[PDB]
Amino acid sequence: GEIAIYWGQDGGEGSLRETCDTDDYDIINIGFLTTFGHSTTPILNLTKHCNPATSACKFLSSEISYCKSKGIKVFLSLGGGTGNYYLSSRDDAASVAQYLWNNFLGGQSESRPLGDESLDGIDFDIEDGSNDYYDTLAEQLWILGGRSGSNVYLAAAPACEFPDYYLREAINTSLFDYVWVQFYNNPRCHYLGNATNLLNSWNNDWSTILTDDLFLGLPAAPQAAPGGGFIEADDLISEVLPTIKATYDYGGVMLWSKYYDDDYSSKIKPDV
């Protein structure tokens, strides 16, 4: 199993290089592209790490390259909890895919916000706005990968109540390489008292999607998800991990977020 973690949304969580040098993570989701679609100039938010809009994030290229040299995949995460994002049409979806390819993946633009190093793919953390055309965005990114002979991984971050309003259509394309289901901030399905509802959601609902790797998404500390869902490490190891590992496409655990992961991933990694 693998551990994926989100990075970008707290300037004190350490550098991307330091995050990779924990050797705890196999995938880094860099969040967030908070404005895109509907003919906007997209906006990337890396909080206080660096300002993308004034070209002060190009240094990240060297750290991305270093992370990748260790076998770590690095994705750009679309969306997040606060933003001005949505797609207005099929053509808008194709235009955003091209923007992502040219600016973050293997293409060229007039100025790439994170420098020349290509990221490995795109994480769909769609939490608000219209749900339309994310299936088309995934399909157009898949085509762009095929046209240039490059791996473009597609990942999705739905919440645990199935089906997810924002991402059900995208996930139903069957094209996502990774889906990390967020079992937090929803007491209908997250860990609460015990793992029964979580495991029922996992086994009965999320098992039915077509993805190559299905991940259990969790908060790294209680403070990471005030709405609930944190599982103490020993309970995760004894009550949850051995059950979900029986699922054929179990891929690991996703953690929100680096800022809150003081020792959670270190405590769980041998059992993931």
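Quick note: we count residues from 1 along the sequence shown, nothing fancier.
Chemist: Which wins on mean Cα temperature factor, 114 to 122 or 167 to 175?
Modeler: Taking the mean B-factor of the alpha carbons in each, 114 to 122 is higher.
Chemist: Going by the mean C-alpha B-factor recorded in the entry, which is higher: 130 to 138 or 70 to 78?
Modeler: Taking the mean B-factor of the alpha carbons in each, 70 to 78 is higher.
Chemist: Choose from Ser150, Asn197, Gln108, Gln98 the residue with the greatest Cα B-factor as stated in the PDB record.
Modeler: The C-alpha B-factor peaks, among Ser150, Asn197, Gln108, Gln98, at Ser150.
Chemist: Out of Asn29, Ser61, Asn203, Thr211, which shows the largest CA B-factor listed in the entry?
Modeler: That would be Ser61, according to the entry.
Chemist: Can you tell me which third, lowest, middle or highest, the CA B-factor of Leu46 falls into for its chain?
Modeler: Highest third, going by the recorded CA B-factors of the chain.
Chemist: Would you please rank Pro219 by its C-alpha temperature factor against the other modelled residues of its chain and give the third it falls in: lowest, middle or highest?
Modeler: Lowest third of the chain for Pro219's C-alpha B-factor.
Chemist: Quick check on the deposited entry: does the C-alpha B-factor of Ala225 sit in the lowest, middle or highest third of its chain?
Modeler: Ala225: CA B-factor falls in the middle third of its chain.
Chemist: Going by the entry, which third of its chain does the Cα temperature factor of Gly252 land in?
Modeler: Lowest third of the chain for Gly252's C-alpha B-factor.
Chemist: Splitting the chain's C-alpha B-factors into thirds, which one does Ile244 fall into?
Modeler: Lowest third - that is where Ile244 ends up once the chain's C-alpha B-factors are sorted.
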